């Protein structure tokens, strides 16, 4: 079967999802967490095939969590709840073996981060050695660019989201008003296919499974 781990800060949503996945004998809910810390301690212990995830968490966010989980467990499949228009489409994706768009997105971003890091640290190594690595690095990140559709500002914002910085920390770092950041985050999540249904619509759906 498919071992599924649930990550969501709402009991009501966790219980509804447990109900949903329970009716499918092919699925096996092997644990749940209501925050980034819990999931970081519990997911590598349960070793699921798939993590089912809300982007909104009390102590960070789901982009941060996915990046952090993926570096420790590279083959983990990550499905954002609001990336699907319904729980049925989500369940189909699970059965289909879908990895989740956020996975490709995180890796795209890490390839691009690597270009920046070497870029910033290049005054340490040989002149010709630096240009050689720099060339091969951009080539790899230019081949694999799932984030090509984003502006620079959105790439940066995504980067900072993936660190688990708060909206206020992001605002301070990007010289934006906090309200503008909240808007930009939602614009960015929408652009990445992660606002296909609202948070309140997930809640109303899981709550009716009670």
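Residue numbers count along the first chain shown, from 1.
| In the PDB record, does 34-42 or 142-150 carry the higher mean Cα temperature factor? | Result of the comparison: 142-150.
| query | Averaged over C-alpha atoms, is the B-factor higher for 110-118 or for 133-141 in this PDB entry? | reply | It is 133-141.
| query | Based on the entry's values, in what third of the chain does the Cα temperature factor of residue 54 lie: lowest, middle or highest? | reply | Its C-alpha B-factor, which the entry lists for residue 54, ranks in the highest third among residues of this chain.
| field | Ranked C-alpha temperature factor of residue 187 among modelled chain residues, by third | value | For residue 187, whose C-alpha B-factor we compare with every modelled residue in the chain, the answer is the highest third.
| request: Could you look up the Cα B-factor of residue 87 in the entry and say which third of the chain it sits in: lowest, middle or highest? | output: Ranked within chain, residue 87 CA B lands in the lowest tercile.
| query | Split the chain's modelled residues into thirds by Cα B-factor; is residue 80 in the lowest, middle or highest one? | reply | Answer is middle: the recorded C-alpha B-factor places it there.
| query | How does residue 22 rank on Cα B-factor within its chain, lowest, middle or highest third? | reply | Top third by C-alpha B-factor.
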